[PDB]
Amino acid sequence: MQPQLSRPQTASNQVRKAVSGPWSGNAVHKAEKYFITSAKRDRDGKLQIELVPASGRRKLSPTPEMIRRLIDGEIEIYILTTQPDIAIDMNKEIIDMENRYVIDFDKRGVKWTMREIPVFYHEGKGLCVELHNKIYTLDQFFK
Amino acid sequence: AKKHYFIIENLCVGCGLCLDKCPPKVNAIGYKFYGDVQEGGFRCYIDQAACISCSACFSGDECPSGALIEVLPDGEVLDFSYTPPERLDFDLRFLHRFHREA
Amino acid sequence: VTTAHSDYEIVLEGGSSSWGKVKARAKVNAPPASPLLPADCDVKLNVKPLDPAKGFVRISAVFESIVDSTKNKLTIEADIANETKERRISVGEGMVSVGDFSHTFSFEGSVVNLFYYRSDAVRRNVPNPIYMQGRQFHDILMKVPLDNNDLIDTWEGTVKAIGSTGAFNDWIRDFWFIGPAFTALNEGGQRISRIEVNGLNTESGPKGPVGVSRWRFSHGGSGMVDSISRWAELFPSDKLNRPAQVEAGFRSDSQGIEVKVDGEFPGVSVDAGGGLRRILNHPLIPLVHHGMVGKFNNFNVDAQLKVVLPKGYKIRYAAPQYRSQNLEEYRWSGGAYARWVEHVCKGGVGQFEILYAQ
Amino acid sequence: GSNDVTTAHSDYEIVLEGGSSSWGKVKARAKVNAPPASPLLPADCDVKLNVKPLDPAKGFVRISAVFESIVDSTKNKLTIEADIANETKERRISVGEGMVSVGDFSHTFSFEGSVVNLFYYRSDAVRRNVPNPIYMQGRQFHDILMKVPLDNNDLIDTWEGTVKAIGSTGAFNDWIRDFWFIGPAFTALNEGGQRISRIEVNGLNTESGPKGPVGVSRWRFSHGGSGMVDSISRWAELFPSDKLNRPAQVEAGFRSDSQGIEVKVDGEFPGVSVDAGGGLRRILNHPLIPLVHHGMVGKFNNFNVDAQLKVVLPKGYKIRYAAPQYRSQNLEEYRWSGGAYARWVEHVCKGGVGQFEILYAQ
Amino acid sequence: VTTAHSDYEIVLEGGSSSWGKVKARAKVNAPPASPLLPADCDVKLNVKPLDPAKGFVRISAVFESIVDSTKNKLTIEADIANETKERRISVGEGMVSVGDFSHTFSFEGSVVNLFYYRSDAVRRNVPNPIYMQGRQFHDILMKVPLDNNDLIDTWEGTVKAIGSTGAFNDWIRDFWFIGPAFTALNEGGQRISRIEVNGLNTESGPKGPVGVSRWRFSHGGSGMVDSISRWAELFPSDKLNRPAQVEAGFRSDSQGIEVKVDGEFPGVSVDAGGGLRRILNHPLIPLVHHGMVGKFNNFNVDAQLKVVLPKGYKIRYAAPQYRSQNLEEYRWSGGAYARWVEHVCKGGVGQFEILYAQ
Amino acid sequence: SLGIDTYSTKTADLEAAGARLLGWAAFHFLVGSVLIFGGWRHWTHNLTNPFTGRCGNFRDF
Amino acid sequence: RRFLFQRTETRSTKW
Ligand code: BCL
Ligand code: BCL
Ligand code: BCL
Ligand code: BCL
Ligand code: BCL
Ligand code: BCL
Ligand code: BCL
Ligand code: SF4
């Protein structure tokens, strides 16, 4: 959308191209939203990252082409911390982080809190996620 | 059952339309506040221990922010029951009738 | 009266991006504690990736200053990269000019930052660690062409001093940190170890003799020191993807201080943990170092912080609380925020955390 | 309109005891409407000091210090049971044990420590010619036998990390001071004139304890003061065990909610009243280290303090030469407020060490 | 409230003479930071030259004081001269009395001051340099008669401690800086090296044993230390043609400080080039030292500076600007000057330089 | 009712009524100035008497 | 838990 027709402090991350974008796909996502759905270890130590779109029709992999489409501001990748292929103890990490600012009137809101964490690509390290002031990588590390 | 549904407490605006469709006999969906509700401090959650995989919250097609996902039994994460086909778009203006381009 | 006007603007970027537009103004009608006045300075910083395949970024900083009608310039370019999680390597050149005198320098250095402990009881019980004691091991190799007779004089005097006295290693710290820099070292928790001069040799370079001097030092931290406790945070090489620019500079005279700093760089907002973003914990060394110099006058502060979140991004736990809001353009002004601004301008360390997430 | 006022409210109450007794009920509340200089807020703390005389045959006393704190949702706790005694006029011993807990982590410790406080000089020309000597340089030599069971994973990790650091790094003796003064603690080290010598280690080893490995560390360090150091310059009477006959308690705490500090201090301990000669007593002249250290945080916000001191004296004792002068006298209890006393309170809240001597006799 | 009143007067002398009478008054309503009160001082510094042949000048200093009713006195006279441009030699006696105790002492001390660098790049570019990092080397032989018993006790204890304890050479800095002196050591930039003692011998003199101590040390400064960076300016012997006296002292109570300073000495004015003179740069050590003590009470300052130039001299570029030039009678009060006075009273070192020429 | 004003139809009586109203208004201005001065002086926690120079303790007086 | 109450407070700095 044109800069002069948008809310003043809008970055290119939130400025959408394809001027009629909202009706081409889901209107919630300015850019196509992909989810890390599985990260398994088979044969060698390398893990197979599975990028299933929010539409849920395909089962893709990071790949140089989608990496380029990421670093060109066209797609976004999230992990859904409830992912069962996690390495860090997200259930304890989410709970003890909500205990700083959440009062359990329901006594179970913190327990069942799940959120998405975005994934970015530098280059030297692959698809890496920055979580809790530390930069984890999907390759090893974060899984 | 399978195909658990979940709520992302990162897109959810707490509207509770998902809670309206959850069966009262299973309080799967709830509220957490952590602050004032004028700033989105009323997110919703899905109690996976109480959720019985109704599809009611997701198949109702009312989540405005795409927080309901319905992870598929194998690994697939949906976001909305059907998604438009991601079309290439352009403006069609004719040459010297109807429009004149320029 | 001595009223201190200041407007701060923080415009963040969303998604996985951590970038932020930071422009700040300051107008303090008080005498600066500079023994030489007027002290007008211009600071320009830039950085861009060289090859992100292995982390090189070309960071260039130009300092232009006129202190008591003495035009001072320092340009430096560096190719810095994180060789390891704890080790960093850099290489570059620059020049230093004061009036007619000007000597160019080229260097190659490696800084290795160690933490005294890596206990995970602290990590899993302190959600926002701040004080992280450690020690940086600078290993600096710098070559300076010796063209002017003043370069010859400096080099000959330095080598003669090193050969003569055995206390050059610790007495250099008196020279190295000119004036109140030495006191700033102690107040910030820093401690400079005796430098280990590994050799001062000159060789005839391209056009003349070049003074190549290997030396290293190990400067530690009690926890406040920014260069150690936030070693992985002060150098966001992984989350750099485009040229990042910061243009600072102050016009200062005997009866006022005028500051105007612009900014464009990642690391403004860091993940607080579990998807919750936050403005990065305030770098403590600038606060404590402005501490010996912000306490000399009582001042009335009207400070305006204008934090502009990206779309969909809400806030939680603003302390002090944001004063007004325009659905993104959160504004801090007066009340507890001006009190916190006075506190940190006089050297305070009090926390002002902005926990924001969509 | 006016300048940034930032009022600070505080009251102080001292109730003394007569005769040779040196006891005193100290009661203090404070409220500053300024942001505390802590990088993690809000902070809370609940300090309990409990003291009971064990046996006056040679000087055992049972001192218990329990600290409970809440810092940015982190629940911090630390308790110290200790049996301190004065084996010699110049040497102090202590056998103690305690525990520290942060969040879920917690490790117990037991220690046998001995502190030797030596003054550089014992010149009579100072004692008989300076009636009230404030500064007195010295040096304390700590000798600690602390035994920590290693039953947690991080306890073991800390143990091998430390032993590897000692074996590999030859500078561990002095680089320990950087880790060992968290943040501004090292900066406050210089403010009071405290110089920490390099620690010297008699050895680290582990042995089979009652239920598991126990990390036993024998280390010594010494700290010398230029005169402000109240743990050195005032060593002899900071530990009134000879004049302790009944249990002594101090309850302190503060709230640090990032918009202000609210302090509650109790107190029941001997040594509050110290003799000044010729039957004339005085409140113990103020410790230097608290004032100088709190000056490092009290100068960030200018403030119009509203202080109130209430000293209560035993029957027959009349106050004389209180500088600044007491505001009022309701029979037997004197009160300070405003004027020069408020200026002194601001002076000492910003770190000043001006003399405020209260002399009283009968 | 805490009103601060002060008047400063500087009447100068023309021609090649840099002489000037400096007498100042001060009244503060804030309690002083002295743990013993009330504290009083009387300071009398008188200097007269022996003869221009070798630069010997008699300098006598009397320090009368009463702290907590304890009588204190310190009278020292010494023949001080610069035998070289970097080394100064002094011989003198003196006595120190506290209450009834008193010990007279005699000493022959030679002090050499060495800068780390003497580069022409700095000198030809910086017109008014402030910081000169360097080391000042002390060398003192001091003989004190041991007539009373307490002197003998101190002497025996000291020789026993030096012979037995090996850490004396650096633990002497703990005893040797009373209270806040140790903190002011680093707050001003001074580093006291370990003293090395060439011997503690004794002999029978005119009446009894004399404790002769031959020791030496060196204090290093980062630039603010005026005893190092201004070595050639603290001791202006060549321009001392008449006896110079400086009387000062303060009457300090539990609720106020009353300062009177009287002075008549050369070096008040320093040349700035092209027949243009100026008031000497303010010594930064007094400012940074009083800042450690002049920040405990907020105060409103009413200061009046008044310089009287000789006939024909006119101030140009007064910063902050003067108020009224009643001929050569120039006056500062309020406005920016009061702000600078509060600045320096709280520890500021900002430039207030006054330039004039005839 | 207090007699400061009157329901009088003659101009001479309204002369006195206006004089009384003006005097009471001036008295109100004086007392309001004093009382606003006191409100400011309490609002800043600086209860010190400007003439004799003492202070005043809000918590005990 | 005293922090939580301050954490979960609506903005009370309105004009
Ligand atoms: C009355 C209280 C006033 C106040 C009183 C003063 C006074 C008084 C002064 C300042 C000064 C400064 N203040 Mg302030 N200040 C206040 C409010 C503010 C506000 C605001 C409200 O927004 C701002 C933005 C500032 C900002 C500033 C800076 C512009 C300026 C000092 C420059 C500096 O950082 O250089 C940093 C300097 C250095 C880092 C030099 C380091 C030199 C040493 C020898 C080198 C060390 C080695 C080096 C680190 C190695 C680098 C290697 C590379 C890292 C690889 N102040 C309050 C309101 N402020 C000072 C100034 O300069 O004024 C002109 C000054 O005198
Ligand atoms: C400042 C605190 C510590 C310190 C902490 C660090 C840290 C941390 C690092 C180094 C690094 C280096 N240090 Mg070191 N280092 C210090 C003192 C020194 C001194 C000295 C004479 O005192 C020297 C010669 C060096 C030498 C070096 C080089 C080997 C190397 C990078 C030089 C360069 O890029 O310069 C260029 C200088 C600048 C760009 C000028 C601006 C400097 C300030 C600190 C930058 C502010 C950034 C601003 C807040 C954010 C704007 C960023 C925009 C995106 C551009 N350090 C002091 C003791 N040093 C880097 C390294 O690892 O190399 C392997 C590194 O990451
Ligand atoms: C690490 C700091 C930067 C640097 C920054 C500056 C700055 C800033 C200034 C000078 C200035 C000067 N520089 Mg240079 N300069 C450096 C490297 C050198 C080298 C060399 C062989 O490496 C030489 C001969 C010189 C020569 C000169 C002096 C002759 C000249 C004026 C005196 C002075 O201030 O010196 C300063 C001396 C130093 C900062 C380093 C001297 C290095 C010595 C000769 C060799 C290294 C000795 C030892 C191994 C390193 C000790 C640590 C450093 C002292 C921090 N520079 C390095 C690259 N240089 C002044 C000027 O330009 O105009 C007045 C000045 O203000
Ligand atoms: C604080 C300044 C000096 C210091 C000065 C002293 C002094 C003085 C003493 C010791 C003593 C001890 N020190 Mg030490 N010591 C310091 C730092 C340390 C450190 C460390 C890791 O930093 C350690 C391990 C030790 C170790 C020890 C043990 C050898 C011993 C017993 C302590 C105790 O029982 O704890 C119990 C813990 C407390 C009681 C917490 C309360 C501490 C504060 C300072 C007391 C406030 C008192 C309050 C104002 C009024 C109390 C009235 C109530 C009735 C109690 N010290 C610092 C460097 N140390 C004691 C001794 O001699 O043992 C032989 C002793 O008298
Ligand atoms: C003297 C101080 C108290 C003490 C008070 C604390 C405090 C306060 C904390 C810890 C915390 C921890 N404790 Mg402990 N702890 C002590 C004794 C020990 C010993 C031991 C062999 O004696 C061990 C293995 C540990 C282990 C651990 C660390 C693994 C852990 C977090 C790292 C940290 O900084 O700790 C600090 C470690 C120490 C201060 C002592 C290290 C002892 C080493 C292994 C052996 C002595 C080496 C050397 C001779 C001593 C040098 C001086 C010491 C620094 C004082 N503690 C003594 C009894 N401990 C953290 C916690 O509980 O939850 C996060 C924390 O915040
Ligand atoms: C103060 C900062 C440095 C210092 C800097 C200097 C300087 C600079 C000099 C000496 C000199 C001397 N120092 Mg030294 N020296 C210091 C600390 C010491 C200490 C100590 C126990 O701390 C000792 C024993 C000495 C010993 C000595 C003797 C070797 C020698 C002769 C001094 C004398 O006779 O009285 C002289 C002192 C006075 C009579 C009292 C006046 C002192 C005050 C500080 C001067 C104020 C000047 C006033 C503002 C304006 C003067 C106008 C009047 C007309 C005089 N220094 C500190 C560390 N030292 C002198 C020398 O070189 O001898 C060869 C010299 O020029
Ligand atoms: C440079 C300092 C002045 C001096 C100034 C004072 C002051 C001021 C005071 C005393 C006071 C006293 N003096 Mg004396 N005194 C000096 C020289 C001596 C010598 C000697 C052999 O030279 C002796 C035995 C004494 C003896 C005594 C002590 C017994 C007594 C109180 C203890 C004290 O703090 O003293 C201070 C001790 C020293 C500063 C010097 C001690 C010298 C030792 C014995 C030999 C030198 C040791 C070493 C080689 C040099 C280290 C540096 C010195 C500490 C400066 N003085 C020198 C000339 N003296 C007190 C008094 O007069 O009434 C109570 C006091 O307040
Ligand atoms: S699937 Fe059924 S039980 Fe589960 S959240 Fe949705 S409506 Fe509730």
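- Structure determination for this PDB entry is given in the record as cryo-EM, at a resolution of 2.9 Å.

**Quick look at the environment of A:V28**
So, point 1. Within the secondary structure, A:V28 is located in the segment before strand 1 (32-41).
So, point 2. The residues contacting A:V28, other than those within four sequence positions of it, are B:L11, B:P64, B:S65 and B:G66.

**Here we look at the coordination of the magnesium atom of ligand 3**
So, point 1. Donor atoms from the protein around the magnesium atom of ligand 3 number only one, C:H103 (NE2), found at 1.9 Å.
So, point 2. For C:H103, the position within the fold is in strand 7 (residues 101-115).

**Points about the site of ligand 3**
So, point 1. Around ligand 3 sit 23 residues in total, of which C:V96, C:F101, C:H103, C:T154 and C:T158 are the nearest.
So, point 2. Near ligand 3, residues from chains C and E are present, making the site a shared one.
So, point 3. C:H103 places a side-chain nitrogen or oxygen 2.8 Å from a nitrogen atom of ligand 3.
So, point 4. Listing elements by their share of the shell around ligand 3, those giving two or more residues are strand 6 (87-98), strand 7, strand 8 (134-145), helix 2 (149-164), helix 3 (168-176), strand 10 (196-204) and strand 11 (209-221) of chain C.
So, point 5. Residue contributions to the shell around ligand 3 peak at 5 residues, all from helix 2 of chain C.
So, point 6. Taken together, the residues of the shell around ligand 3 sort by class into 16 nonpolar, 6 polar and 1 charged.

**Regarding the interface of chain C and chain D**
So, point 1. Taken together, the 44 residues of chain C in the interface contact 40 residues of chain D.
So, point 2. Buried area between chain C and chain D, both sides added, is near 3500 Å², and the carbon and sulfur share of it is 53%.
So, point 3. The interface formed by chain C and chain D contains 3 salt bridges.
So, point 4. If you look at where chain C meets chain D, you find 21 residue pairs in polar contact.

**Focus on the pairing of strand 11 of chain C**
All names here are of chain C.
So, point 1. A large share of strand 11 lies buried, amounting to 10 of its 13 residues.
So, point 2. Pairing geometry for strand 8 and strand 11, over 12 bridges, is antiparallel. The residue bridging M142 from the neighbouring strand is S213, located in strand 11.
So, point 3. Here 2 bridges tie strand 9 (residues 191-192) to strand 11, and the two strands are oriented antiparallel to one another. Counterpart to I192 in the pairing with strand 11 is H219.
So, point 4. When strand 10 meets strand 11, the two strands line up antiparallel, connected through 8 bridges. Among the inter-strand pairings, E196 is bridged to a residue of strand 11, identified as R216.
So, point 5. The turn joining strand 10 and strand 11, which pair antiparallel and follow one another in sequence, is formed by 4 residues.

Criteria and cut-off values
- Residues numbered from 1 in each chain as written, not as in the entry; some residues may be left out.
- Chains lettered and ligands numbered in written order.
- Part of a larger assembly, values for the part shown.
- Heavy atoms only, no water.
- Helix = DSSP H or I, 4+ residues; strand = E, 2+ residues; numbered from the N terminus.
- Contact = heavy atoms within 4.5 Å.
- Donors = N, O, S within 2.8 Å, 3.2 Å for Na, K, Ca; no water.
- Near = heavy atom within 4 Å.
- Polar contact = N/O pair within 3.5 Å; in protein donor to acceptor, adjacent residues only side chain to side chain.
- Nonpolar A, V, L, I, M, F, W, Y, C, P; charged D, E, K, R; others polar.
- Buried area = accessible area lost by both parts, 1.4 Å probe.
- Salt bridge = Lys/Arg side-chain N within 4 Å of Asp/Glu carboxyl O.
- Buried < 20%, exposed > 50% of the residue type's maximum accessible area, 1.4 Å probe, protein only.
- Pairing = 2+ DSSP bridges.

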